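Here is the structure we will look at.
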Amino acid sequence: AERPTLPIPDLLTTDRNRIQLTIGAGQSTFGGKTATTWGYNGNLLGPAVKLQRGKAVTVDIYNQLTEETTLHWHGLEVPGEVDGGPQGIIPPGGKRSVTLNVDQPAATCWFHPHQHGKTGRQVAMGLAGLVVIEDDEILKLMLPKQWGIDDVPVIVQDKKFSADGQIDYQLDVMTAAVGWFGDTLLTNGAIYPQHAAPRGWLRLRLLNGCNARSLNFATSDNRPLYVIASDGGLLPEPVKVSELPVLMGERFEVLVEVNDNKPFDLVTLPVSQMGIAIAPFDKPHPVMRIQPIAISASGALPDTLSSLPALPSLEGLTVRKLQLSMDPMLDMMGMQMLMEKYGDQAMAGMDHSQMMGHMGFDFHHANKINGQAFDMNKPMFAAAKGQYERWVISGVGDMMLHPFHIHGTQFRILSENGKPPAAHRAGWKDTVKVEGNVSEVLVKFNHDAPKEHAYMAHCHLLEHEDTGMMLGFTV
Ligand SMILES: [Cu+2]
Ligand SMILES: [Cu+2]
């Protein structure tokens with residue numbers, strides 16, 4: 310049969326300078342089986358909210374679920390009051406209005422729930438949206454810009470399904486250790502869709518929307534990807550890559566050539582991550598089928614995209630240390646449950662070093678920062694407003710992958726997991742890899758966050774966040 314077309318999220322702009330988002334339960338079909346799913350302005354996933362830098366907009370958010378949620382704008386530099394972390398509770402049948410005064414460069418950001426201890430479940434049920442920030446600078450470049458034709462959002466997510474076809478989500482000792490992962494890959498909510506792309510340049514806005522699964526994009530015929538933007542917006546010039554690793558909650562925009570009429574796949578390559586490396590993710594896995602077409606397409610790859618500032622001198626900067634840890638009992642219990650469920654396949658992708666690390670009680674608070682499981686009532690510290698700080702985040706002592714995310718900022722990576730960052734990760738980021746080594750970011754918070762609307766800093770492996778690997782901080 311024909312592959313289904315890639316679903317394109319609606320590009321939603323202001324009215325009275327207002328935007329309406331409805332959070333609701335409905336139904337979706339996956340592999341011919343119906344499931345209860347949640348969506349923003351529909352059944353599953355959500356729209357792309359389109360924002361202009363320097364232009365205020367009001368968002369009216371209606372919770373039509375039968376349980377509490379929050380709405381977090383991932384990668385937006387906004388005050389804590391509108392950040393929608395776990396303190397931004399919207400009750401069932403409630404409404405919250407937020408004024409977003411956008412004051413950052415053009416970027417692809419996203420939005421999702423941040424309900425305390427339930428973020429994994431609420432994203433797994435289908436809640437995620439996009440944010441497209443535009444500025445004068447990006448619109449001058451003549452990048453591909455026809456939304457849903459040559460400028461395409463690609464939200465990649467895995468799920469697992471029970472026998473009846475319902476989403477099979479559980480926060481248990483296995484998923485608290487290694488994450489919630491599945492055997493079914495979704496692309497804008499569809500299984501292995503096709504996208505009809507005009508000949509010339511195709512812009513893909515890639516979002517890893519998975520709870521726990523790291524991805525590594527490539528093409529089926531090894532044509533290159535040209536990275537043009539990271540989480541926080543444009544690189545100074547394009548970076549040519551043959552593969553593109555993307556952690557949970559990271560975005561990159563890439564241009565790819567649609568040259569001849571022969572279709573090719575966007576794929577994800579096997580990653581060395583425990584549980585994630587298991588079949589069917591032990592071989593290259595198709596993400597979507599690009600079908601070349603002949604219709605209007607004038608987008609270009611510019612030699613120069615933007616100016617990236619020199620890093621400042623680090624002397625005098627406040628240093629914060631964040632030591633990530635997991636109770637040895639959770640590693641043991643969680644690993645034991647993984648090995649019970651997958652047997653001989655359980656150590657897929659793992660080298661000798663990775664396995665010897667695993668040497669051979671309430672799990673809801675077993676994941677920690679600085680020896681502390683997340684305490685919603687006790688911000689770990691008071692950060693300075695408008696001042697560079699150096700944040701040193703360590704996974705030394707721990708075997709697992711931790712995409713570390715900091716609210717309220719776009720930062721510069723100084724060191725990523727004991728190496729300088731790759732060229733395409735050296736610009737504006739809101740996520741940094743921590744995996745058995747130490748990362749160092751240069752962060753600045755331009756907006757206030759008081760105690761009662763604190764910013765979060767957490768692992769974006771959502772089951773780790775939900776079982777304690779989060780801290781609140783004031784600005
Ligand atoms: Cu965030
Ligand atoms: Cu983690």
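Basically the numbering used here = 1-based index in the sequence shown + 309.
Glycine residues also receive a C-beta, built at the ideal position from the N, C-alpha and C atoms.
Helix, strand or coil at residue i [DSSP, three-state]
i           : result
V368        : strand
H421        : strand
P637        : helix
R598        : strand
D319        : coil
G643        : helix
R405        : strand
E311        : coil
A416        : strand
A527        : strand
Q431        : helix
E376        : coil
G393        : coil
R734        : helix
residue 294 : Because the chain here runs from 310 to 784, residue 294 falls outside it and cannot be looked at.
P618        : coil
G363        : coil
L534        : strand
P545        : strand
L626        : coil
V555        : strand
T613        : coil
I399        : strand
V550        : strand
Residue i to residue j span [Cα, whole Å]
i           : j    : result
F754        : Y764 : 10 Å
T345        : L516 : 23 Å
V358        : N497 : 15 Å
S551        : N525 : 10 Å
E698        : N726 : 18 Å
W382        : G717 : 9 Å
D530        : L360 : 36 Å
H425        : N372 : 16 Å
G541        : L620 : 16 Å
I599        : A365 : 37 Å
residue 296 : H667 : Limits of the chain in this structure are 310 at one end and 784 at the other, which puts residue 296 out of reach.
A606        : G509 : 7 Å
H711        : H773 : 8 Å
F690        : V784 : 9 Å
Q475        : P453 : 38 Å
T484        : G643 : 7 Å
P507        : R560 : 23 Å
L354        : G435 : 5 Å
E311        : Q336 : 23 Å
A588        : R629 : 39 Å
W456        : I602 : 16 Å
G558        : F713 : 10 Å
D492        : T627 : 44 Å
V743        : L409 : 31 Å
Rounded distance between the beta-carbons of residue j and residue i, thought under 8 Å
i    : j    : result
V563 : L556 : Contact doesn't hold; Cβ gap of about 16 Å is too wide.
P688 : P462 : With a Cβ gap of about 34 Å, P688 and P462 do not count as contacting.
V465 : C519 : 7 Å
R430 : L480 : 7 Å
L723 : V747 : That pair is no contact at about 11 Å.
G384 : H423 : Actually they do not touch by this definition, with Cβ atoms about 13 Å apart.
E566 : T613 : At roughly 20 Å, the Cβ-Cβ gap does not stay under 8 Å, so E566 and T613 are not in contact.
Any non-hydrogen atom of ligand 3 closer than 7 Å to residue i Cβ
i    : result
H594 : Looking at this structure, you won't find ligand 3 anywhere; what it does contain is ligand 1 and ligand 2.
Heavy atom of ligand 2 within 7 Å of residue i beta-carbon
i    : result
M778 : yes
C519 : no
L770 : yes
heavy atom of ligand 1 below 7 Å from residue i C-beta
i    : result
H667 : no
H773 : no
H711 : no
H381 : yes
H716 : yes
Chain B contact for residue i (CB, 8 Å cutoff)
i    : result
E552 : Judged by its chain identifiers, the structure shown contains no chain B, having just a single protein chain.
_Ordered list of alpha helix (DSSP H) runs contained in the segment 737-781, each at least 4 residues_ = Counting only runs of 4 or more, we get 771-774.
*Taking the runs of the beta strand (DSSP E) that are 3 residues or longer, which of them lie wholly in the segment 433-517?*
Assignment of beta strand (DSSP E) within the segment 433-517, counting only whole runs of 3 or more residues, yields 438-443, 460-468, 493-496, 503-507, 509-517 in chain order.
*asked:* Extract the residue ranges of the alpha helix (DSSP H) inside the segment 655-725, only unbroken runs of 4 or more that lie entirely within it.
replied: Correct list: 661-665.
*Can you list, in chain order, the stretches of the beta strand (DSSP E) that have 3 or more residues and sit fully within the segment 319-358?*
Listed in chain order, they are 327-339, 342-349.
_Minimum length 3: unbroken beta strand (DSSP E) runs contained in the segment 561-592_ = The segment 561-592 contains these whole beta strand (DSSP E) runs: 573-577.
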